[PDB]
Structure formats: C-alpha cells, structure tokens
Amino acid sequence: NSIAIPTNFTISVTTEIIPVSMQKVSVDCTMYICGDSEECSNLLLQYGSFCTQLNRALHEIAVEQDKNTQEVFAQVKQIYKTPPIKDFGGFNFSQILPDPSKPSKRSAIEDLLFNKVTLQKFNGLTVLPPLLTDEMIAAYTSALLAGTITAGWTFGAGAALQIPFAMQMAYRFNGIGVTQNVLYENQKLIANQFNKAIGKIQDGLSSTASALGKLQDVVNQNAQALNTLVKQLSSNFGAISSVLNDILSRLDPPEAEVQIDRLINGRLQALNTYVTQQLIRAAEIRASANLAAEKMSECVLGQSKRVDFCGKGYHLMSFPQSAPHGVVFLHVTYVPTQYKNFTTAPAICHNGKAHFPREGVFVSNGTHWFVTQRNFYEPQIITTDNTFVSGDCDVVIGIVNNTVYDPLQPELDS
Amino acid sequence: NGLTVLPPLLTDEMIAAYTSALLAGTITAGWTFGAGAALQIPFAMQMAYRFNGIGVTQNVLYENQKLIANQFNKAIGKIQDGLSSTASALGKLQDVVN
Amino acid sequence: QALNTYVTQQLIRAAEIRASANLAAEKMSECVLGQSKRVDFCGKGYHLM
Amino acid sequence: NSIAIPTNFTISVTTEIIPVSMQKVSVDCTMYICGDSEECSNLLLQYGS
Amino acid sequence: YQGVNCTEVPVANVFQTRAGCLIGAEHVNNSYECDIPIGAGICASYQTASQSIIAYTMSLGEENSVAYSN
Ligand SMILES: *[C@@H]1O[C@H](CO)[C@@H](O[C@@H]2O[C@H](CO)[C@@H](O[C@@H]3O[C@H](CO)[C@@H](O)[C@H](O)[C@@H]3O)[C@H](O)[C@H]2NC(C)=O)[C@H](O)[C@H]1NC(C)=O
Ligand SMILES: *[C@@H]1O[C@H](CO)[C@@H](O[C@@H]2O[C@H](CO)[C@@H](O)[C@H](O)[C@H]2NC(C)=O)[C@H](O)[C@H]1NC(C)=O
Ligand SMILES: *[C@@H]1O[C@H](CO)[C@@H](O[C@@H]2O[C@H](CO)[C@@H](O)[C@H](O)[C@H]2NC(C)=O)[C@H](O)[C@H]1NC(C)=O
Ligand SMILES: *[C@@H]1O[C@H](CO)[C@@H](O[C@@H]2O[C@H](CO)[C@@H](O)[C@H](O)[C@H]2NC(C)=O)[C@H](O)[C@H]1NC(C)=O
Ligand SMILES: *[C@@H]1O[C@H](CO)[C@@H](O)[C@H](O)[C@H]1NC(C)=O
Ligand SMILES: *[C@@H]1O[C@H](CO)[C@@H](O)[C@H](O)[C@H]1NC(C)=O
Ligand SMILES: *[C@@H]1O[C@H](CO)[C@@H](O)[C@H](O)[C@H]1NC(C)=O
Ligand SMILES: *[C@@H]1O[C@H](CO)[C@@H](O)[C@H](O)[C@H]1NC(C)=O
Ligand SMILES: *[C@@H]1O[C@H](CO)[C@@H](O)[C@H](O)[C@H]1NC(C)=O
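In the order they appear, the protein sequences are chains A, B, C, D and E. Just so we're aligned: the first sequence equals residues 710 to 828, 853 to 1147 in the authors' numbering. Just so we're aligned: the second sequence equals residues 856 to 953 in the authors' numbering. Just so we're aligned: the third sequence equals residues 1002 to 1050 in the authors' numbering. Just so we're aligned: the fourth sequence equals residues 710 to 758 in the authors' numbering. Just so we're aligned: the fifth sequence equals residues 612 to 623, 641 to 676, 688 to 709 in the authors' numbering.
The following block contains the structure:
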C-alpha cells in the first residue's frame, strides 16, 4: 500500500552521432598493374574482363554514397527563412541557428564540430568530390530546423502563419501525459533550464574533440586501407625485382615474361582484396544511413512514443546539426525528480458502490484522499465527476471506505 | 598449431546477474524504474495500468484477478513442459555453432 | 588462398550477427522496459509485458 | 447492420530466441602457412603484408 | 575531363568548374532542379538555334514566406 509520485522535473538535452557517407574512390586498373609498360599491357590481355568488373563495382559504390546523402537530407520541399524576430518564449536558439557570414561572437555548433573533426597524381587512383557541397547540407539543415521551429505541427502543407512556441511546447507536454497548465505556470524555469543545458553542451563540445570517434573511425580505416594498397606495390612475390624496367633490362623475354606474370598475379590479388573489403564496408555504411534517415523522419518531424529511441526519458523534440560525413541530433527530454511517498488504494467504497478513477491514482495524505496524475503531484478532491463507477464493494481486494462528493446538492439547495 | 579461441569478456554468471537485476527492477518497481524511487508499486496496479493501455478498463482486471493469475501460471507451466520435452527447440543458435 | 576465403566468410557472418544483435537490443528496450503499440512486434495479440 | 463482440478473454505466453554473439577466434598466420620452418618464412616475407 | 584544369589538357564550350574541365556546355546562372549530375553542386541538362546542353548551379527548392505574430 505504497506509491511514489514525482513533485519536480528537469529538462535534459543529449547528443547523438551517426555516420552517413564515405569517400568516393576510383582506380585505374592498368595504371596500377603495369604502369606504362607495353610488354606488361600486352601480357595483361590474357585475363579477359577483370579491370572492367573492378571499375564497375567502385562506380556503383560511388553512386550509392550520394544516394545515401540525398536520402538522409533532401526531405524538405521548401526553404524557410530564419524569422527576423527572435522573441520566443524565453528560448534563445542563437547557438544552433546560422549566421550569413557568421560575424557574431557566438559560434554555431557547426563550426565546433567541423573543427573537431579536422583536429596521388602519379598513382592509378582517383578521388571524386561529392555532389552536394557543405554549404548545401548546412542550408538543408537550417531550413528544416527553422521550419520545425516556426510552423510547429503545420510544417507540411503549411500556411503563412506562425504557431507560437509555447503552444507547441504545451501540445508536446500533453503528448506525454502532463497537462499544459503545468507548463504555463513555470515556462520561465523551463526556458532557463533549456538554455543552461544548451550552454553546457556547447562548453562540453568545445572542451574536447574525442567525442567524434564514430566519425573518425571511418576516415582512419579508409586511409589505412589505401596506404596498404599503395605499399603493396614494392613486393617481389618471388620475382627477381619489383621494378619492371630492371626485369626487362637484366633478362631476355623468355624469362622476363614469366617474372612479369608473377608480379601481375600478385597485384591482381591485392586489388581484389581491397575491393571486396570496400564493398562490405559500403554495405555497413548504407545500413547506418538508413537508420539515420529513419531517426530524422520519426523524431525531428514529430514526437515518438518508442522507448529509448530518442534518448532517455520522455521525448519532447529534437534538432539536427550537420557534421563531416554524418549528422548530430540534440534530443530534448523530460525527467521527473524529487519523488515522495504516499498510500494508495484501488477503489473507494461509497454507499454500496465502488468508484474507480477516470485517470490517475488514489492517494492519501494520512487524512484526506485525492486523485492525481502519475507524473506530477497535483491532488484534487475526489468528485463524482472524476470517478468511474461500476460494481459493488465485494470482489475488489483492498477497497477502502471513503466519501465521494457531489457539486449538485449544494447548488440545488441554494 | 596456429588456431586459438579466446574467452568472452563477460562470463555466464555476469549475464545471469544482469538479467536477474533487470527483471527484478522491472517487477518490483513499476513505471518508476530508472529513477531511484525505490518504494515498491503493487503488481496489480501495474497490470491495471497495462489493461488501460490496451484499451480495457481496470475494473475488468480487479474483478477477475484470480482467474487471470491462474491462466498466467498455467501458461508458464505449459512453457516449462514444452521446454523439458523437446531439447531441440533452439535451432538458430545451434545452426550458428554448426 | 584458403586463409583468405575463411577470413571473407567470417566477415560476412559477423555482419549478419551484428544486425541480429541490433534487433535484439531494440526489442529489449521497446518491450521489456515499456509497452509497445506496434502490431506483432512483441508476439501475436496485444502486448502486456 | 451486424457486429460481434467478445465476452471472455485469455492470456497467452510465447517465446522467441535471438542470436547475439559468435565464437571468438584468432589464427597464427605465419605458423599456419609455414609450420615453423625458416625456409618457408624467408620466401613468405617477399609477399608483403 | 575530371580533376583537370583547362589551361593544359584541352591544348594537349571550354569552361572551368570545380569538377574539372567541361567541354560543350553553355554556362548560365539561373538555377534549376538537378537533371544530370556532374559534381560539386554542378548539374547539367538539355534545354531548348542553339538547342544545347546547359550547365548551372543546382537549386535546393523554392522559398516560403510566413507571417509573424505572437
Ligand atoms: C541566449 O540568448 C542571448 C540573446 O538573447 C545571448 O546573449 C548574448 O550572449 C553573447 C555571448 O554569450 C554576449 O556577448 C558577450 O557579452 C559580454 C557582456 O559583457 C561581453 O563582455 C563579451 O565580450 C561578449 O560580447 C552578448 O552580450 C549577449 N547579449 C545579450 C543581449 O544578452 C546568450 O549568449 C544566449 N545564451 C548562450 C548560452 O549563448
Ligand atoms: C524543484 O522545485 C523547486 C520549487 O518547488 C525549485 O526551487 C527553486 O529553484 C530555483 C533554481 O533556479 C531557485 O532559484 C529557487 O530559489 C528555488 N526555490 C525554492 C522555493 O526552492 C527547484 O529548482 C526544483 N528542482 C529543480 C531541479 O529545478
Ligand atoms: C467500511 O467498510 C466495511 C467493509 O468490510 C464495512 O464493514 C461491514 O459493514 C456492514 C454494515 O455496513 C456490517 O454488517 C459488516 O459486519 C461489516 N464487516 C466488517 C468486517 O466490519 C463497514 O461498515 C464500513 N464502514 C461504514 C461506516 O459503513
Ligand atoms: C470465460 O470467462 C468465464 C468467466 O465469466 C468463465 O467462466 C468460469 O470459468 C471457470 C474456468 O474456466 C470455471 O471454473 C467456472 O465455473 C466458470 N464460471 C461460470 C459461471 O461458468 C469461462 O470458463 C471462460 N471460458 C473459458 C474457455 O475458460
Ligand atoms: C517513504 O517513507 C518510508 C518510510 O517512512 C521510506 O522507507 C521510503 O523510502 C520513503 N519514500 C521514498 C521515496 O524515499
Ligand atoms: C494532507 O493535505 C490535505 C490537503 O492539502 C490537508 O487537509 C491535510 O491536513 C493534510 N494531512 C495532514 C496530516 O496534515
Ligand atoms: C588550375 O590550375 C591550378 C594551378 O596548379 C590548380 O591549382 C587548379 O587545381 C586547377 N584547376 C582545377 C579545377 O583543377
Ligand atoms: C548572370 O550572368 C550575366 C552574365 O553572364 C550577368 O550579366 C548577370 O548579372 C548574372 N546574374 C546573376 C544573378 O548572377
Ligand atoms: C508579440 O508581438 C506583439 C505585437 O505583434 C506584442 O504586442 C507582444 O508583446 C509580443 N509577445 C511577446 C511575448 O513578446
């Protein structure tokens, strides 16, 4: 016969990082294999269509990368400008909204993340630039964030009006089972906690660059693989020399061609290994990009009821931020605190009747019994309006005597 | 000469302890799991909460608690018997090992 | 060649197993610690616990 | 103009199993290929990494 | 010509872009929706004398104004 009900709460903002895309790489097969040697090129003709297959696979991966990026970001039909009024319900979005030349002393989280991530013409290899530049990614993110802030729940198929922010926050509060009269009474404290959390996040990000290991690992692995592939050119594989010219000069054709064949086989094996591993990594990164797109759609454009899908606690809203080859989310969540102990009963025995609460639970202050919601202590007198009535006092285990009031009788008497 | 199998970091007892702690917390506490309320919500209240969750009114649980508990116990016993009879119900793990 | 083939097979199996592990973690979070409204995500019928 | 409504309910319990982890394996490459003979290892050193 | 400057190679519609040297495309500066990708934000299309392929900077979408009021 005991139950705990919160009497306070806190607003928490957390961070999540997801990689999206990979570097696009194209390789010339003949340049890597032979390197401007006519005898080697003639000998390579006996292997059919290997280089074609390698190039085709690399090209497909390169296409899939931009496909992933456009799947994640290009979700918005229109461009929403930043409103020239910053008068919200006490919330300052300065550190997450952009700035055309960024001349303000307050640096956007974009710059911090970019700097935190930050902190050949003779080979047969080539690296291609992505279709979308960083500025366009930032523009998409800013437009999406501004549209979510301004239009509220009318973001899609929207109109020419701005829903006030406090009303959106009240609707989100209703979303998790807390009545908006709670928000309208300490909006000021809500805004103060939100601003303090944002400031703490910015300071923590500016403290260290080690939080972006998930994004750093992709670059490290790709560079390691490329360096291994490049360094494999110096091996002998059992031949006399690792240079074609030395083999040509030091020997006659009837053995030079055999040595060149040995070298060709070795380098073909190396290329095959590299391409296979790249293919597997591309599959993994596509899975990650799909997860990122799903999270954007289900948590930025709406409120989610899935537990621990958008951080701990109860989800309220989230904001996206761009990053090198990835995204960053900022989940805003509700957390109850300062619990208290009380006594509870399943039902109330009136004159031969059993009364169940329409919503919430029955609580006792030792003397008086009240009905309140399960996530914020706000007791009320047990009225016949609040109580659903069914059955008798026989079968319910632990039912308790009490009195149920009725507003009708005093009104009738007067 | 050349092949080695390494032990997993977490032993079986640790996994069992994690599961036991998680289930005990979910059972003893209710919607207050996580935050250290540590009071103990009655189980029937949680069941009524869930019943309201699936769209039926809690009086239907309070009026048939005994029968509901009997059905739950019988289902648990049936699962025990089914597990005891057929020792090959775990296919996927065996396939991985094989 | 034998060693290379074995390594590639193991890599593919590991990818499959980590997908399964992600599903398991999601199911734990969604079902054990709460009540899910997704149909047939937690067995047949209406989910209770 | 006709509808059906239940009058009794039952409680069902079912199970499902999900693999999580694989066996952990390490292999001595050089010892596997050469079997601890210097003549083999000297030639193996010419194959790179 | 990918990854190549126009000062050397064409000697070895001339226009220089971040993606390389592009030959045959008339450059305008009215943005449109992307039709054939090129790279680094450059997109090309066949757009009807002089029914030629044109090169332009991609447009992210139309802008939307929304009144303001508390
Ligand atoms: C919350 O929003 C307010 C604006 O409504 C931001 O206030 C501005 O914050 C910047 C930097 O935090 C202030 O610049 C600094 O001001 C001090 C004051 O002496 C000056 O010494 C520094 O050299 C620098 O210029 C700016 O004055 C301030 N403006 C106002 C009107 O308050 C605030 O920064 C936002 N919250 C966070 C956490 O950034
Ligand atoms: C719990 O609620 C109390 C009020 O019931 C909050 O107390 C105030 O907290 C602010 C902090 O910004 C102080 O400046 C006030 O002096 C406090 N007033 C009183 C009467 O205590 C408290 O902040 C709430 N808990 C949390 C974590 O915010
Ligand atoms: C409070 O509820 C209890 C329920 O047990 C009532 O106890 C019974 O009351 C009836 C008459 O109202 C008696 O005939 C029974 O013998 C009582 N049983 C027990 C075990 O006490 C009790 O009367 C209720 N209180 C009031 C003031 O009506
Ligand atoms: C459906 O629910 C009713 C309850 O209203 C069950 O009726 C009782 O069931 C138990 C066990 O099933 C019997 O021991 C009782 O004798 C039944 N009471 C009456 C008045 O008939 C009914 O059995 C349930 N249906 C099934 C298949 O269990
Ligand atoms: C309520 O009081 C009891 C004893 O009076 C105590 O054991 C319990 O911890 C208290 N509740 C909370 C949430 O601390
Ligand atoms: C419990 O609260 C009610 C209403 O706030 C009050 O009337 C009652 O006296 C309180 N209980 C005690 C023991 O003071
Ligand atoms: C043009 O030539 C300069 C001189 O080296 C070079 O830096 C630049 O990359 C070239 N342009 C392009 C698009 O490659
Ligand atoms: C477009 O280019 C023409 C010349 O090519 C120039 O006269 C005009 O001002 C430019 N307009 C814009 C918007 O860049
Ligand atoms: C909203 O703007 C109106 C003027 O359009 C102004 O009177 C009102 O004070 C503003 N509200 C807030 C909270 O600043």
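Built from N, CA and C at the ideal position, the CB exists for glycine as well.
Open item on the list: Please report whether the beta-carbon of residue 1167 (chain A) lies at a distance below 8 Å from any beta-carbon of chain B.
Closed with: For residue 1167 (chain A) there is no data in the structure shown, the boundaries of chain A being 710 and 1147.
Task: Buried versus exposed, by CB contacts within 10 Å (16 or more), residue 1051 (chain A) - done: In the first sequence, residue 1051 (chain A) corresponds to position 318, counting from 1. Classification of residue 1051 (chain A): buried, given that the 10 Å Cβ count is 16 or more.
Open item on the list: Taking the alpha helix (DSSP H) that residue 939 (chain B) belongs to, which residues open and close that run?
Closed with: By one-based count along the second sequence, residue 939 (chain B) stands at place 84. Residue range 920-940 is occupied by the alpha helix (DSSP H) that includes residue 939 (chain B).
- [ ] Return no unless some Cβ of chain C is closer than 8 Å to the Cβ of residue 723 (chain D).
- [x] On the fourth sequence, position 14 is the one that residue 723 (chain D) refers to. The beta-carbon of residue 723 (chain D) is placed less than 8 Å from the nearest beta-carbon of chain C.
Open item on the list: Within the continuous beta strand (DSSP E) that includes residue 1071 (chain A), where are the two ends?
Closed with: By 1-based counting over the first sequence, the position of residue 1071 (chain A) is 338. Residue range 1059-1075 is occupied by the beta strand (DSSP E) that includes residue 1071 (chain A).
Open item on the list: For residue 643 (chain E), list the residues DSSP reports as bridge partners.
Closed with: Locating residue 643 (chain E) in the fifth sequence gives position 15, counting from the first residue. E:650, per the DSSP bridge assignment.
TODO: Classify residue 733 (chain D) as buried or exposed, calling it buried when 16 or more other Cβ atoms lie within 10 Å of its own Cβ.
DONE: As a position in the fourth sequence, residue 733 (chain D) is number 24, starting the count at 1. Exposed is the call here.
Task: Nearest candidate by alpha-carbon position, reference residue 989 (chain A), set A:998, A:978 and A:999 - done: Residue mapping note: residue 989 (chain A) aligns to position 256 of the first sequence, counting from 1. Comparing Cα-Cα distances from residue 989 (chain A) to each of A:998, A:978 and A:999, the minimum goes to A:978.
TODO: State yes or no: is the C-beta of residue 931 (chain A) nearer than 7 Å to some heavy atom of ligand 1?
DONE: Mapped onto the first sequence, residue 931 (chain A) falls at position 198. Within the cutoff, so yes.
Open item on the list: In the DSSP assignment, the beta strand (DSSP E) including residue 953 (chain A) goes from what residue to what residue?
Closed with: Residue 953 (chain A) sits at position 220 when you count from the first residue of the first sequence. Where residue 953 (chain A) is concerned, there is no enclosing beta strand (DSSP E), although the alpha helix (DSSP H) it sits in stretches over 946-964.
Open item on the list: My output table needs one value for residue 732 (chain D): the three-state DSSP class, helix, strand or coil.
Closed with: Residue mapping note: residue 732 (chain D) aligns to position 23 of the fourth sequence, counting from 1. Per DSSP, reduced to three states, the secondary structure at residue 732 (chain D) is coil, with no helix or strand assignment.
- [ ] May I ask you to list, following chain order, the residues of the region 934-953 of chain B that have a beta carbon less than 7 Å from some beta carbon of chain D?
- [x] Correct list: 934, 945, 947, 948 and 951.
TODO: Would you check if there are 3 or more beta carbon pairs closer than 8 Å linking the region 1022-1029 of chain A to the region 1066-1074 of chain A?
DONE: Touching, no, given that fewer than three Cβ pairs across the two stretches are closer than 8 Å.
Task: Close-in-space but distant-in-sequence residues of the same chain around residue 902 (chain B) (CB under 7 Å, 5 per side omitted) - done: Locating residue 902 (chain B) in the second sequence gives position 47, where the first residue counts as 1. Cβ within range, chain order: 916.
Open item on the list: For a quick check, are the C-beta atoms of residue 858 (chain A) and residue 997 (chain A) less than 8 Å apart?
Closed with: Taking the first residue of the first sequence as position 1, residue 858 (chain A) is located at position 125. Taking the first residue of the first sequence as position 1, residue 997 (chain A) is located at position 264. No, Cβ-Cβ distance for residue 858 (chain A) and residue 997 (chain A) is not below 8 Å.
TODO: Return the chain-ordered list of same chain residues with a C-beta closer than 8 Å to the C-beta of residue 905 (chain B), the five sequence neighbours on each side being excluded.
DONE: Position 50 of the second sequence holds residue 905 (chain B). No residues qualify anywhere along the chain.
Task: Proximity test, residue 710 (chain A) beta-carbon vs ligand 3 heavy atom, cut-off 7 Å - done: On the first sequence, residue 710 (chain A) is found 1 positions in, with the first residue counted as 1. No, the Cβ of residue 710 (chain A) stays beyond 7 Å of every heavy atom of ligand 3.
TODO: Along the alpha helix (DSSP H) that carries residue 672 (chain E), what are the first and last residues, could you check?
DONE: Translated into the one-based positions of the fifth sequence, residue 672 (chain E) becomes position 44. Per DSSP, residue 672 (chain E) belongs to no alpha helix (DSSP H); it is in the beta strand (DSSP E), 670-674.
Open item on the list: Are the CB atoms of residue 1061 (chain A) and residue 822 (chain A) within a distance shorter than 8 Å?
Closed with: Looking up residue 822 (chain A) in the first sequence gives position 113. Looking up residue 1061 (chain A) in the first sequence gives position 328. Closer than 8 Å, so yes.
Open item on the list: Under 8 Å, with one C-beta from each stretch per pair, do the region 933-953 of chain A and the region 719-733 of chain D reach the 3-pair mark?
Closed with: In short, these stretches do not touch, since the Cβ pair count stays below three.
Task: Within-8 Å CB hit, residue 715 (chain D) to chain B - done: Walking along the fourth sequence from the start, residue 715 (chain D) turns up at place 6. No, because no Cβ of chain B sits closer than 8 Å to the Cβ of residue 715 (chain D).
Open item on the list: Helix, strand or coil for residue 874 (chain B)? Go by DSSP, reduced to three states.
Closed with: By 1-based counting over the second sequence, the position of residue 874 (chain B) is 19. DSSP places residue 874 (chain B) in helix when its eight states are reduced to three.
Open item on the list: Per the DSSP calculation, residue 715 (chain A) is bridged to which residue(s)?
Closed with: Here residue 715 (chain A) refers to the residue found at position 6 when the first sequence is read from its first residue. In the DSSP output, where bridge partners are listed per residue, residue 715 (chain A) has A:1072.
Open item on the list: Quick check on residue 1134 (chain A): does DSSP put it in helix, strand or coil?
Closed with: Residue numbering aside, residue 1134 (chain A) sits at position 401 when the first sequence is read from its first letter. In the structure shown, residue 1134 (chain A) adopts extended strand secondary structure according to DSSP, grouped into three states.
Open item on the list: Do residue 712 (chain A) and residue 1133 (chain A) have their beta-carbon atoms positioned less than 8 Å apart in this structure?
Closed with: Within the first sequence, numbered from 1, the residue matching residue 1133 (chain A) stands at position 400. Within the first sequence, numbered from 1, the residue matching residue 712 (chain A) stands at position 3. No, the Cβ-Cβ distance between residue 1133 (chain A) and residue 712 (chain A) is not below 8 Å.
Open item on the list: Just to confirm the assignment, what range does the alpha helix (DSSP H) spanning residue 899 (chain A) have?
Closed with: In the first sequence, counting from the first residue as 1, residue 899 (chain A) sits at position 166. That run of the alpha helix (DSSP H) goes 898-908.
TODO: Specify the secondary structure class of residue 880 (chain A) as computed by DSSP and reduced to three states.
DONE: Within the first sequence, numbered from 1, the residue matching residue 880 (chain A) stands at position 147. The three-state reading of DSSP puts residue 880 (chain A) in helix, counting H, G and I together.
Task: Uninterrupted beta strand (DSSP E) stretches inside the region 1025-1052 of chain A (no shorter than 3 residues) - done: If we require 3 residues or more, the region 1025-1052 of chain A turns out to have no beta strand (DSSP E) run fully inside it.
Open item on the list: So the candidates are A:740, A:999 and A:1005; which of them puts its Cα closest to the Cα of residue 855 (chain A)?
Closed with: To locate residue 855 (chain A), count along the first sequence from 1; it is residue 122. Of the candidates A:740, A:999 and A:1005, the one whose C-alpha sits nearest the C-alpha of residue 855 (chain A) is A:740.
Task: residue 1088 (chain A) - containing beta strand (DSSP E), residue span - done: Here the question's residue 1088 (chain A) lines up with position 355 in the first sequence. Counting along the chain, the beta strand (DSSP E) containing residue 1088 (chain A) begins and ends at 1087-1090.
- [ ] Taking only heavy atoms of ligand 1 into account, decide whether any of them is closer than 7 Å to the Cβ of residue 901 (chain B).
- [x] In the second sequence, the residue the question calls residue 901 (chain B) occupies position 46. Residue 901 (chain B) Cβ: outside cutoff for every heavy atom of ligand 1.
TODO: Report whether the distance from the Cβ of residue 1074 (chain A) to the nearest heavy atom of ligand 5 is below 7 Å.
DONE: Against the first sequence, residue 1074 (chain A) aligns to sequence position 341. Yes - ligand 5 has a heavy atom lying nearer than 7 Å to the Cβ of residue 1074 (chain A).
TODO: Using only the heavy atoms of ligand 6, determine whether one of them is closer than 7 Å to the beta carbon of residue 1098 (chain A).
DONE: Against the first sequence, residue 1098 (chain A) aligns to sequence position 365. The closest heavy atom of ligand 6 lies less than 7 Å from the beta carbon of residue 1098 (chain A).
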